[PDB]
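Notes for the one structure printed next.
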Amino acid sequence: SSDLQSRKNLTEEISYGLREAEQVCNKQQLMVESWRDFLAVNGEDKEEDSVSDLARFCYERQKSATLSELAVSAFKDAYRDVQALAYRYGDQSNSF
Amino acid sequence: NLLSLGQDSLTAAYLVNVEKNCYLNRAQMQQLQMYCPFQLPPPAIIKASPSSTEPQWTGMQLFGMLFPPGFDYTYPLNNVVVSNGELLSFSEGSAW
Amino acid sequence: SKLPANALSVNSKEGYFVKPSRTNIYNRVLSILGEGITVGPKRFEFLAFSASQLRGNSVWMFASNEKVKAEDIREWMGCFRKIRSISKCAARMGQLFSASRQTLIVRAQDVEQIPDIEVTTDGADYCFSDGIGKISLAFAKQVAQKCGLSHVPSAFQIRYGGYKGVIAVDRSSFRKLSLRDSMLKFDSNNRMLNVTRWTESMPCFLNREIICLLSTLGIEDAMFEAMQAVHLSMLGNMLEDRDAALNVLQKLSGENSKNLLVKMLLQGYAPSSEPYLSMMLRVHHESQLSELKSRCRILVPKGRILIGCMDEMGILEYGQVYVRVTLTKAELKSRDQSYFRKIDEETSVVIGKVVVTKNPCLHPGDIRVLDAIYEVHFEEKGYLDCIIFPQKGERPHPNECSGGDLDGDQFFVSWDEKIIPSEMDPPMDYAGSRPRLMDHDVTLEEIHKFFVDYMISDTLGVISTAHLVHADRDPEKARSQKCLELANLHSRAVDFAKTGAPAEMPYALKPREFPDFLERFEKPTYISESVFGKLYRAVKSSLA
Amino acid sequence: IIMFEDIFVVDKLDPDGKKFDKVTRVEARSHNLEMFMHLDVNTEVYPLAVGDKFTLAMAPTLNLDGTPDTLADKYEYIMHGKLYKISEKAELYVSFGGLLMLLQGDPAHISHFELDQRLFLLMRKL
Amino acid sequence: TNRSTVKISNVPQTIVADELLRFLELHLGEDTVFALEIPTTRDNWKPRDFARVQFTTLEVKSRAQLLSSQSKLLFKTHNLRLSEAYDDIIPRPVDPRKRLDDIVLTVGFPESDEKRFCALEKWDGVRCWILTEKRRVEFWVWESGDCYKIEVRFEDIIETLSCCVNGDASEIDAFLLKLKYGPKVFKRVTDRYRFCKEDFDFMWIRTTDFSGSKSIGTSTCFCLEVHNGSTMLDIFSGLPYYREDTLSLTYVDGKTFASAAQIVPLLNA
């Protein structure tokens, strides 16, 4: 970073990117046969249930292997963009 | 090929061919010409400023003394063109 | 004006997936449709809506009375509980609202049940008989007496008792009336006969899509430029020359039409005199110029627009049809031609290469070159103002014509010789979307939902404009996958009135640019260098 | 001795920076002849701002009346390079030791340039 | 020159809207920037390479353009290039005179044959904006918290009249807007890169009549009760079909004509 303000902006951007990646992983976790009714284009009143249950998604992911693989794939896909920020926040004279 | 440039020569060549803004004067170029087996190319930079004497050499011509006169190399991906043993163009990539 | 898509069901991203949110206008329209409109000592109720009214956001309302109520009329029209599709039920209920002429009443004692013919090739269901029928000579004479029609057409569109389709004449009829199997739409308590259109031998016209799809087979720009030049030359000479006025009136609107202006055109005074006629000619010329500026409409005297039917002969093969039309002033003046056969004084046969085209066309494979032949057996049946389609073949001709049907639809025919038939392209698939069937009868609410949702995601009018813009911009038009996708989307949007399948117009397909020959002055205008641009520049130069 | 000489006015800069410590590519459009030019210049040693007017000259040799391979006192940004690609509104591709130049103009304006030859680049910002 | 928003070509990716606002206020006049928006490819953590800035006065825009043409704007070793934008960030007129705040809005119709007017429902403290470029007039009415937007185009009006409410013929304290069609009704619904200088983080959606008595749907004329203005006539002269005559009106108690049914403009049986 050039100065302290740039460092703070980079930290906030990293935090928001991690939050977005976690949200993407949570969305990708729903690609199972159990949520076929919810994923269909109809009227479902349980939309808020899938969003408010934030602490259950991690527990469900840690129990299944296919869910874990899907989650890590989605996390890598959403984290490539986060890794791409180094070229924006890095100077041309950076040794690394 | 079995033998590569290495971990240091690769970085040095990247720095030489990427910066394109640091010009080597006659003394440094002649000092570096001792290790190179080929002769010295034309300076190609006569005046870089209205009140700048001692015409200098560009960085990419220093790397051009490492090829035989009859060797021609073309790398479309990195836009690298070598004609008559002289490096003509280079943009980025460091893949060649 | 039309309700914008943003005024109803505005999209909003709530949760993981985007869900549209209904606006207050949606609820207001639903309440108006449900409760009804009260005007004085009356309360109007929803009866039905026609296919034309569905595309214009119009609906019929009937005030309930002590004698007959809305439900009484609804059940008198027929029983619609057999249809389990929301769109199909509405279409069948609203189809019986077209203008027609009343005729005699025929009971349900003499009706035939002639079996149809079906061909299944390459795993595709191709049906030749979609809405074709059979009629006798006595029935035609009886039905033509009340309409004041002298000549007996060989084909005329008719609908009665829920049936709908065109019927053709025959010389081996058994009784007055006959019917096929693939014609019953819904059961009705009445069988009133009525006829909408019998025959219209109007001269053919070249629309924008015809030139757009015919500009890749090898047709140069010199032909269209010369045709436009001669058209404008004969239009400009119509003012000071009375001879050209009659010829134009006899070759532009109505082959055989009697009018006060038409009679005076052949024998009249100088154009300077008779202001009542001179100013009418001037305003007609101005209207023609405005129509040409708005859209391309080329007057081709060697082609007509007529419906088509089939005969129970089975002699014609795949690629052989019969073309027969009346003789106009140009045909009568010089009937000696290679592809024109003077079978009769008023009727002339055609032996040239004739193609079939419709109004909506967005696929290069619709151009199917057909060779017309002359047979004594076919002429013995006496077919007039109707092209003959073979019974047998790999696929029916209407199927190749954008998946159409023999429902009295008009067909463009032209016995031209300077076209290029060397290039042939297969037609697109005519298979529609899967029908949606409900598990319960209609409670008069889902039909209202479908009617209101018709306004939302109604992209029928923009697909054609986008296709035209993409064809004008990108060279080698109607060859890339973008044109195929646009044609598929247009077909799906047309099918939306029949089955509830939204077009789903993508955002990236919007043109965001329009050529000179459009009325979108506010939108950015770009100079087009295609054949349409050349024609528009020629028209502008002629006007100036 | 001078083959091509015209007044050029810059239009935009590729980096659009003042202290980027990197070679900057400029886009200048010729006056009268209306020939578009690409050139890599070092802003730190030879500052060039948008809207400035500078002259450009090309000569096979800096000597007077022959002697290929005294114009130094006139100009201030002399460079040396070779032309490697001439295929195109013909355009030229001259690299001054890795600094590419793209002079796109008219076929009639550029007709006395041969392939694989050494030429100089004389510049002065008025 | 038609609009006031200026699109900046290139800005650093590491900056925030606050830094750019501070830089602009330092180089230009103090608090001369109204709206600053930086588009983001992602939701809130990936701004684009360009930004759009709205200025309060056209003079500030001209000065900024002059500075940009001379390359005098240098923010974090980046030369800011200024170019015209397509649409304004906020539909707000540049002229402060056209902005009317805290005025009285009432609806009605020419109930009597004489010079009489009837008032159905009266709103106080409404905001009126006149957009010459967009050829429309916006009315902001606050009712039960949420505000509503009333949009009237130039083609909607057929004639413009001026009246008075204090009772003095010389003074002009009212304006009549005869409407041929109905006005559009909107409704307000419920940050790091968007300053906007105010609370404009919402969207407008079309809605039906929000009045309890539905006075808007049964009124074909609008009356604007505003204070006397020496130069107000020049501002009101821009409306199409303006009459340069003085007319007087009186208030008629027409609160009885109030229908709570969906079909408002029909008579009572």
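Labels for the structure tokens follow display order: chains A, B, ..., residues from 1 in each chain, ligands from 1.
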
Using only C-alpha atoms, find each residue of chain E with at least one atom at most 8 Å away from an atom of chain D; report its shortest atom-to-atom pair and that distance in Å (one decimal), sort the rows by chain and rising residue number, and return the result as a Markdown table.
```
| residue | atom | partner | partner_atom | distance |
| --- | --- | --- | --- | --- |
| E:70 | CA | D:50 | CA | 7.6 |
| E:71 | CA | D:50 | CA | 7.0 |
| E:77 | CA | D:17 | CA | 5.5 |
| E:78 | CA | D:17 | CA | 4.8 |
| E:79 | CA | D:16 | CA | 5.4 |
```

With N, CA and C atoms retained, export the selected residues as a short mmCIF file (atom, residue, chain, number, x, y, z; two decimals), in the first residue's frame.
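Listing of out-v9.cif after writing:
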```cif
data_model
loop_
_atom_site.label_atom_id
_atom_site.label_comp_id
_atom_site.auth_asym_id
_atom_site.auth_seq_id
_atom_site.Cartn_x
_atom_site.Cartn_y
_atom_site.Cartn_z
N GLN E 70 -6.30 21.80 -19.77
CA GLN E 70 -4.93 22.23 -19.54
C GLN E 70 -4.13 21.23 -18.73
N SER E 71 -4.71 20.07 -18.41
CA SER E 71 -4.03 19.01 -17.65
C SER E 71 -3.53 19.53 -16.31
N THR E 77 -0.88 10.91 -8.99
CA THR E 77 -0.15 10.75 -10.25
C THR E 77 -1.03 10.23 -11.38
N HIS E 78 -2.29 10.68 -11.42
CA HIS E 78 -3.21 10.35 -12.50
C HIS E 78 -3.79 11.64 -13.05
N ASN E 79 -3.76 11.79 -14.38
CA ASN E 79 -4.32 12.96 -15.04
C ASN E 79 -5.80 12.70 -15.32
#
```

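Omitting residue 125 (chain D) and its sequence neighbours fewer than 3 positions away, and counting only C-alpha atoms, the residues within 9 Å are residues 48, 52, 53, 54, 55, 56, 75 and 76 of chain D.
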
Produce a file of the selected residues containing N, CA, C and O atoms, as a PDB file, in the first residue's frame.
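What landed in out_27.pdb:
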```pdb
ATOM      1  N   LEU D  48       6.140  15.848 -21.969  1.00  0.00           N
ATOM      2  CA  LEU D  48       5.216  16.104 -23.069  1.00  0.00           C
ATOM      3  C   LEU D  48       3.800  16.090 -22.518  1.00  0.00           C
ATOM      4  O   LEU D  48       3.332  15.052 -22.039  1.00  0.00           O
ATOM      5  N   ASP D  52       0.261  19.909 -26.648  1.00  0.00           N
ATOM      6  CA  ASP D  52       1.504  20.503 -27.115  1.00  0.00           C
ATOM      7  C   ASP D  52       1.736  20.182 -28.587  1.00  0.00           C
ATOM      8  O   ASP D  52       1.260  19.170 -29.109  1.00  0.00           O
ATOM      9  N   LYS D  53       2.476  21.060 -29.256  1.00  0.00           N
ATOM     10  CA  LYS D  53       2.798  20.912 -30.668  1.00  0.00           C
ATOM     11  C   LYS D  53       4.296  20.698 -30.824  1.00  0.00           C
ATOM     12  O   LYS D  53       5.097  21.455 -30.265  1.00  0.00           O
ATOM     13  N   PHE D  54       4.669  19.669 -31.581  1.00  0.00           N
ATOM     14  CA  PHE D  54       6.069  19.356 -31.822  1.00  0.00           C
ATOM     15  C   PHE D  54       6.250  18.953 -33.278  1.00  0.00           C
ATOM     16  O   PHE D  54       5.332  18.424 -33.910  1.00  0.00           O
ATOM     17  N   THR D  55       7.443  19.209 -33.801  1.00  0.00           N
ATOM     18  CA  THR D  55       7.804  18.813 -35.153  1.00  0.00           C
ATOM     19  C   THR D  55       8.536  17.476 -35.130  1.00  0.00           C
ATOM     20  O   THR D  55       9.128  17.078 -34.124  1.00  0.00           O
ATOM     21  N   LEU D  56       8.480  16.778 -36.261  1.00  0.00           N
ATOM     22  CA  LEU D  56       9.102  15.470 -36.395  1.00  0.00           C
ATOM     23  C   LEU D  56       9.776  15.373 -37.754  1.00  0.00           C
ATOM     24  O   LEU D  56       9.215  15.804 -38.764  1.00  0.00           O
ATOM     25  N   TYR D  75      17.661  19.690 -33.475  1.00  0.00           N
ATOM     26  CA  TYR D  75      16.677  18.934 -32.720  1.00  0.00           C
ATOM     27  C   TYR D  75      17.239  18.558 -31.350  1.00  0.00           C
ATOM     28  O   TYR D  75      18.399  18.823 -31.027  1.00  0.00           O
ATOM     29  N   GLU D  76      16.394  17.929 -30.529  1.00  0.00           N
ATOM     30  CA  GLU D  76      16.772  17.617 -29.158  1.00  0.00           C
ATOM     31  C   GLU D  76      16.366  16.223 -28.698  1.00  0.00           C
ATOM     32  O   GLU D  76      16.665  15.867 -27.554  1.00  0.00           O
TER      33      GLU D  76
END
```

message = Going by DSSP on the backbone, which residues of chain A come out as alpha helix (DSSP H)? List them as a PyMOL selection string.
response = chain A and resi 4-28+36-39+47-52+55-63+65-83+85-89

Per DSSP on the backbone, filter chain B down to the residues in strand (DSSP E) and report them as a PDB file with N, CA and C atoms, in the first residue's frame.
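And here is the file that came out, part-v5.pdb:
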```pdb
ATOM      1  N   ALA B  44      21.255   3.761 -30.387  1.00  0.00           N
ATOM      2  CA  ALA B  44      19.831   3.909 -30.680  1.00  0.00           C
ATOM      3  C   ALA B  44      19.173   5.034 -29.891  1.00  0.00           C
ATOM      4  N   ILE B  45      19.895   5.700 -28.992  1.00  0.00           N
ATOM      5  CA  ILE B  45      19.378   6.826 -28.221  1.00  0.00           C
ATOM      6  C   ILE B  45      20.448   7.908 -28.276  1.00  0.00           C
ATOM      7  N   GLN B  56      23.200   7.374 -24.831  1.00  0.00           N
ATOM      8  CA  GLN B  56      23.087   6.179 -24.011  1.00  0.00           C
ATOM      9  C   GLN B  56      22.544   5.009 -24.822  1.00  0.00           C
ATOM     10  N   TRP B  57      22.528   3.845 -24.181  1.00  0.00           N
ATOM     11  CA  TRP B  57      22.011   2.614 -24.758  1.00  0.00           C
ATOM     12  C   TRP B  57      20.746   2.195 -24.021  1.00  0.00           C
ATOM     13  N   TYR B  73      14.064 -15.227 -34.009  1.00  0.00           N
ATOM     14  CA  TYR B  73      13.110 -15.756 -33.044  1.00  0.00           C
ATOM     15  C   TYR B  73      11.832 -14.933 -33.089  1.00  0.00           C
ATOM     16  N   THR B  74      10.689 -15.616 -33.097  1.00  0.00           N
ATOM     17  CA  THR B  74       9.382 -14.972 -33.086  1.00  0.00           C
ATOM     18  C   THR B  74       8.492 -15.665 -32.067  1.00  0.00           C
ATOM     19  N   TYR B  75       7.895 -14.881 -31.170  1.00  0.00           N
ATOM     20  CA  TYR B  75       6.972 -15.390 -30.157  1.00  0.00           C
ATOM     21  C   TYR B  75       5.719 -14.525 -30.185  1.00  0.00           C
ATOM     22  N   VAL B  80       7.200 -10.961 -29.200  1.00  0.00           N
ATOM     23  CA  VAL B  80       8.658 -10.932 -29.199  1.00  0.00           C
ATOM     24  C   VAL B  80       9.140 -11.246 -30.607  1.00  0.00           C
ATOM     25  N   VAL B  81       9.854 -10.301 -31.212  1.00  0.00           N
ATOM     26  CA  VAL B  81      10.397 -10.453 -32.557  1.00  0.00           C
ATOM     27  C   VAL B  81      11.897 -10.214 -32.488  1.00  0.00           C
ATOM     28  N   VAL B  82      12.673 -11.195 -32.942  1.00  0.00           N
ATOM     29  CA  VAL B  82      14.127 -11.098 -32.997  1.00  0.00           C
ATOM     30  C   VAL B  82      14.547 -11.241 -34.451  1.00  0.00           C
ATOM     31  N   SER B  83      15.156 -10.192 -34.998  1.00  0.00           N
ATOM     32  CA  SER B  83      15.603 -10.178 -36.384  1.00  0.00           C
ATOM     33  C   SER B  83      17.079  -9.818 -36.431  1.00  0.00           C
ATOM     34  N   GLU B  86      18.863  -9.172 -33.106  1.00  0.00           N
ATOM     35  CA  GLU B  86      18.493  -7.994 -32.332  1.00  0.00           C
ATOM     36  C   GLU B  86      17.049  -8.124 -31.872  1.00  0.00           C
ATOM     37  N   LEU B  87      16.816  -7.874 -30.587  1.00  0.00           N
ATOM     38  CA  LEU B  87      15.468  -7.908 -30.032  1.00  0.00           C
ATOM     39  C   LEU B  87      14.728  -6.638 -30.433  1.00  0.00           C
ATOM     40  N   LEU B  88      13.612  -6.797 -31.144  1.00  0.00           N
ATOM     41  CA  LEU B  88      12.866  -5.668 -31.687  1.00  0.00           C
ATOM     42  C   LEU B  88      11.684  -5.258 -30.817  1.00  0.00           C
ATOM     43  N   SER B  89      10.871  -6.214 -30.371  1.00  0.00           N
ATOM     44  CA  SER B  89       9.659  -5.892 -29.632  1.00  0.00           C
ATOM     45  C   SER B  89       9.486  -6.847 -28.460  1.00  0.00           C
TER      46      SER B  89
END
```

key: Distance query residue 35 (chain B) at most 12 Å, only C-alpha atoms, self and fewer than 5 positions along chain excluded, as a ChimeraX atom specification   = /B:29-30,40,62-63,65-66

key: One-decimal distance in Å that lies between CA of residue 40 (chain E) and CA of residue 18 (chain E)   = 15.4 Å

With only C-alpha atoms counted and 12 Å as the cut-off, give the residues of chain B in contact with chain A, each with its shortest interatomic distance in Å and the pair that gives it, as a Markdown table.
```
| residue | atom | partner | partner_atom | distance |
| --- | --- | --- | --- | --- |
| B:11 | CA | A:95 | CA | 10.1 |
| B:12 | CA | A:95 | CA | 11.9 |
| B:14 | CA | A:95 | CA | 12.0 |
| B:15 | CA | A:93 | CA | 10.1 |
| B:18 | CA | A:92 | CA | 10.2 |
| B:19 | CA | A:92 | CA | 9.3 |
```

Emit the selected residues as an mmCIF file, in the first residue's frame, including N, CA, C and O atoms.
```cif
data_model
loop_
_atom_site.group_PDB
_atom_site.id
_atom_site.type_symbol
_atom_site.label_atom_id
_atom_site.label_comp_id
_atom_site.auth_asym_id
_atom_site.auth_seq_id
_atom_site.Cartn_x
_atom_site.Cartn_y
_atom_site.Cartn_z
ATOM 1 N N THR B 11 14.877 -13.587 -13.498
ATOM 2 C CA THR B 11 14.440 -12.321 -12.918
ATOM 3 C C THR B 11 15.236 -11.152 -13.487
ATOM 4 O O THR B 11 14.672 -10.086 -13.768
ATOM 5 N N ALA B 12 16.547 -11.332 -13.662
ATOM 6 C CA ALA B 12 17.368 -10.262 -14.220
ATOM 7 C C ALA B 12 16.949 -9.927 -15.646
ATOM 8 O O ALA B 12 16.852 -8.750 -16.013
ATOM 9 N N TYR B 14 13.975 -10.450 -16.967
ATOM 10 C CA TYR B 14 12.672 -9.800 -16.884
ATOM 11 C C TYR B 14 12.818 -8.325 -16.534
ATOM 12 O O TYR B 14 12.174 -7.465 -17.148
ATOM 13 N N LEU B 15 13.673 -8.011 -15.557
ATOM 14 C CA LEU B 15 13.887 -6.616 -15.182
ATOM 15 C C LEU B 15 14.512 -5.823 -16.323
ATOM 16 O O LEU B 15 14.158 -4.658 -16.541
ATOM 17 N N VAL B 18 11.690 -5.376 -19.118
ATOM 18 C CA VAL B 18 10.384 -4.834 -18.747
ATOM 19 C C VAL B 18 10.440 -3.332 -18.486
ATOM 20 O O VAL B 18 9.548 -2.595 -18.914
ATOM 21 N N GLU B 19 11.477 -2.854 -17.792
ATOM 22 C CA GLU B 19 11.499 -1.461 -17.353
ATOM 23 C C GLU B 19 11.454 -0.500 -18.535
ATOM 24 O O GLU B 19 10.611 0.404 -18.583
#
```

Taking a cut-off of 12 Å and counting only C-alpha atoms, can you build a table that, for each residue of chain C near chain A, reports the nearest atom pair and how far apart they are in Å (one decimal), sorted by chain then residue number, as a tab-separated table?
```
residue	atom	partner	partner_atom	distance
C:14	CA	A:47	CA	8.7
C:15	CA	A:47	CA	6.9
C:16	CA	A:27	CA	6.4
C:17	CA	A:39	CA	8.8
C:18	CA	A:41	CA	10.4
C:19	CA	A:41	CA	9.1
C:20	CA	A:41	CA	11.1
```

key: Which of B:27, B:17, B:41, B:53 sits closest to residue 84 (chain B) [using only C-alpha atoms]   = B:41

Contacts of chain A with chain E up to 12 Å, shortest pair per row, only C-alpha atoms, as JSON lines:
```
{"residue": "A:1", "atom": "CA", "partner": "E:14", "partner_atom": "CA", "distance": 9.2}
{"residue": "A:2", "atom": "CA", "partner": "E:14", "partner_atom": "CA", "distance": 9.7}
{"residue": "A:3", "atom": "CA", "partner": "E:14", "partner_atom": "CA", "distance": 10.9}
{"residue": "A:4", "atom": "CA", "partner": "E:14", "partner_atom": "CA", "distance": 11.8}
{"residue": "A:5", "atom": "CA", "partner": "E:15", "partner_atom": "CA", "distance": 8.8}
{"residue": "A:6", "atom": "CA", "partner": "E:14", "partner_atom": "CA", "distance": 6.4}
{"residue": "A:7", "atom": "CA", "partner": "E:14", "partner_atom": "CA", "distance": 9.2}
{"residue": "A:8", "atom": "CA", "partner": "E:14", "partner_atom": "CA", "distance": 10.1}
{"residue": "A:9", "atom": "CA", "partner": "E:14", "partner_atom": "CA", "distance": 7.0}
{"residue": "A:10", "atom": "CA", "partner": "E:14", "partner_atom": "CA", "distance": 7.5}
{"residue": "A:11", "atom": "CA", "partner": "E:45", "partner_atom": "CA", "distance": 10.5}
{"residue": "A:12", "atom": "CA", "partner": "E:45", "partner_atom": "CA", "distance": 8.0}
{"residue": "A:13", "atom": "CA", "partner": "E:45", "partner_atom": "CA", "distance": 5.1}
{"residue": "A:14", "atom": "CA", "partner": "E:45", "partner_atom": "CA", "distance": 7.8}
{"residue": "A:15", "atom": "CA", "partner": "E:45", "partner_atom": "CA", "distance": 8.8}
{"residue": "A:16", "atom": "CA", "partner": "E:45", "partner_atom": "CA", "distance": 6.0}
{"residue": "A:17", "atom": "CA", "partner": "E:45", "partner_atom": "CA", "distance": 6.4}
{"residue": "A:18", "atom": "CA", "partner": "E:45", "partner_atom": "CA", "distance": 10.0}
{"residue": "A:19", "atom": "CA", "partner": "E:45", "partner_atom": "CA", "distance": 10.2}
{"residue": "A:20", "atom": "CA", "partner": "E:43", "partner_atom": "CA", "distance": 8.4}
{"residue": "A:21", "atom": "CA", "partner": "E:42", "partner_atom": "CA", "distance": 11.4}
{"residue": "A:23", "atom": "CA", "partner": "E:43", "partner_atom": "CA", "distance": 11.9}
{"residue": "A:78", "atom": "CA", "partner": "E:42", "partner_atom": "CA", "distance": 11.1}
{"residue": "A:81", "atom": "CA", "partner": "E:46", "partner_atom": "CA", "distance": 9.4}
{"residue": "A:82", "atom": "CA", "partner": "E:46", "partner_atom": "CA", "distance": 9.4}
{"residue": "A:84", "atom": "CA", "partner": "E:46", "partner_atom": "CA", "distance": 10.7}
{"residue": "A:85", "atom": "CA", "partner": "E:46", "partner_atom": "CA", "distance": 8.9}
{"residue": "A:86", "atom": "CA", "partner": "E:14", "partner_atom": "CA", "distance": 10.9}
{"residue": "A:87", "atom": "CA", "partner": "E:13", "partner_atom": "CA", "distance": 10.4}
{"residue": "A:88", "atom": "CA", "partner": "E:13", "partner_atom": "CA", "distance": 6.6}
{"residue": "A:89", "atom": "CA", "partner": "E:14", "partner_atom": "CA", "distance": 6.6}
{"residue": "A:90", "atom": "CA", "partner": "E:14", "partner_atom": "CA", "distance": 10.0}
{"residue": "A:91", "atom": "CA", "partner": "E:14", "partner_atom": "CA", "distance": 11.6}
```

Hey, can you spit out that residue selection with N, CA and C atoms as a tab-separated table (two decimals), in the first residue's frame?
```tsv
chain	number	residue	atom	x	y	z
A	1	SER	N	0.85	-1.18	0.00
A	1	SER	CA	0.00	0.00	0.00
A	1	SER	C	0.88	1.24	0.00
A	2	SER	N	0.37	2.31	-0.59
A	2	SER	CA	1.12	3.56	-0.64
A	2	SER	C	1.14	4.26	0.71
A	3	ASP	N	0.01	4.25	1.42
A	3	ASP	CA	-0.09	4.92	2.71
A	3	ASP	C	-1.10	4.16	3.57
A	4	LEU	N	-1.47	4.76	4.70
A	4	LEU	CA	-2.38	4.11	5.63
A	4	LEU	C	-3.80	4.04	5.07
A	5	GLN	N	-4.23	5.09	4.37
A	5	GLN	CA	-5.58	5.10	3.80
A	5	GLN	C	-5.74	4.00	2.76
A	6	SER	N	-4.72	3.80	1.92
A	6	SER	CA	-4.76	2.72	0.94
A	6	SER	C	-4.82	1.36	1.64
A	7	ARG	N	-4.08	1.21	2.74
A	7	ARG	CA	-4.12	-0.04	3.48
A	7	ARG	C	-5.51	-0.30	4.06
A	8	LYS	N	-6.15	0.74	4.61
A	8	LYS	CA	-7.50	0.57	5.14
A	8	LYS	C	-8.49	0.23	4.04
A	9	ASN	N	-8.38	0.89	2.88
A	9	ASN	CA	-9.26	0.57	1.76
A	9	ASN	C	-9.06	-0.86	1.30
A	10	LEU	N	-7.80	-1.31	1.23
A	10	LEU	CA	-7.53	-2.69	0.84
A	10	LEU	C	-8.10	-3.68	1.85
A	11	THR	N	-7.98	-3.37	3.14
A	11	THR	CA	-8.53	-4.26	4.17
A	11	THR	C	-10.05	-4.36	4.05
A	12	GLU	N	-10.72	-3.22	3.86
A	12	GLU	CA	-12.17	-3.24	3.70
A	12	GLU	C	-12.57	-4.01	2.45
A	13	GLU	N	-11.84	-3.81	1.35
A	13	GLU	CA	-12.14	-4.53	0.12
A	13	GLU	C	-11.96	-6.03	0.29
A	14	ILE	N	-10.90	-6.44	1.00
A	14	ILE	CA	-10.67	-7.86	1.25
A	14	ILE	C	-11.79	-8.44	2.10
A	15	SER	N	-12.22	-7.71	3.13
A	15	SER	CA	-13.30	-8.19	3.97
A	15	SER	C	-14.59	-8.37	3.17
A	16	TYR	N	-14.92	-7.38	2.34
A	16	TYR	CA	-16.13	-7.48	1.52
A	16	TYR	C	-16.02	-8.61	0.51
A	17	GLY	N	-14.83	-8.81	-0.07
A	17	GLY	CA	-14.65	-9.91	-1.01
A	17	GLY	C	-14.81	-11.27	-0.34
A	18	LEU	N	-14.27	-11.41	0.87
A	18	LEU	CA	-14.44	-12.66	1.61
A	18	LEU	C	-15.91	-12.90	1.95
A	19	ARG	N	-16.62	-11.84	2.34
A	19	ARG	CA	-18.05	-11.98	2.62
A	19	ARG	C	-18.82	-12.40	1.37
A	20	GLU	N	-18.49	-11.80	0.23
A	20	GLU	CA	-19.15	-12.16	-1.02
A	20	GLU	C	-18.84	-13.60	-1.41
A	21	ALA	N	-17.60	-14.04	-1.21
A	21	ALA	CA	-17.24	-15.42	-1.51
A	21	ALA	C	-18.00	-16.39	-0.61
A	23	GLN	N	-20.94	-15.83	0.72
A	23	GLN	CA	-22.32	-15.82	0.23
A	23	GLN	C	-22.46	-16.68	-1.03
A	78	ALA	N	-14.62	-17.73	-6.58
A	78	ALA	CA	-14.89	-16.38	-6.10
A	78	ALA	C	-13.66	-15.71	-5.50
A	81	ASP	N	-10.91	-13.64	-8.07
A	81	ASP	CA	-11.10	-12.19	-8.20
A	81	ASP	C	-10.45	-11.45	-7.04
A	82	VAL	N	-10.55	-12.00	-5.82
A	82	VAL	CA	-9.91	-11.38	-4.66
A	82	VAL	C	-8.40	-11.36	-4.83
A	84	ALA	N	-6.88	-11.27	-7.60
A	84	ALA	CA	-6.56	-10.35	-8.69
A	84	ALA	C	-6.37	-8.91	-8.22
A	85	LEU	N	-6.72	-8.58	-6.98
A	85	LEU	CA	-6.60	-7.21	-6.49
A	85	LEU	C	-5.17	-6.80	-6.19
A	86	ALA	N	-4.24	-7.76	-6.13
A	86	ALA	CA	-2.85	-7.43	-5.85
A	86	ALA	C	-2.25	-6.56	-6.95
A	87	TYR	N	-2.59	-6.85	-8.21
A	87	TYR	CA	-2.08	-6.04	-9.32
A	87	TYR	C	-2.62	-4.62	-9.27
A	88	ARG	N	-3.83	-4.43	-8.72
A	88	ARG	CA	-4.38	-3.09	-8.57
A	88	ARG	C	-3.75	-2.35	-7.40
A	89	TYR	N	-3.54	-3.03	-6.28
A	89	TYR	CA	-3.00	-2.40	-5.08
A	89	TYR	C	-1.49	-2.54	-4.95
A	90	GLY	N	-0.82	-3.11	-5.94
A	90	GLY	CA	0.62	-3.31	-5.91
A	90	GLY	C	1.32	-2.41	-6.92
A	91	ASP	N	2.46	-1.86	-6.51
A	91	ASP	CA	3.24	-1.00	-7.39
A	91	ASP	C	4.13	-1.85	-8.31
```

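CA of residue 172 (chain E) lies 14.3 Å from CA of residue 104 (chain E).
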
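For residue 86 (chain E), the set of protein, DNA and RNA residues having any atom at most 9 Å away, when counting only C-alpha atoms and skipping those fewer than 4 positions along the same chain, is residues 3, 5 and 7 of chain E.
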
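All of the residues in chain D within 6 Å of chain B are residues 23, 45, 46, 76, 77, 78, 79, 80, 96, 97 and 98 of chain D, where only C-alpha atoms were counted.
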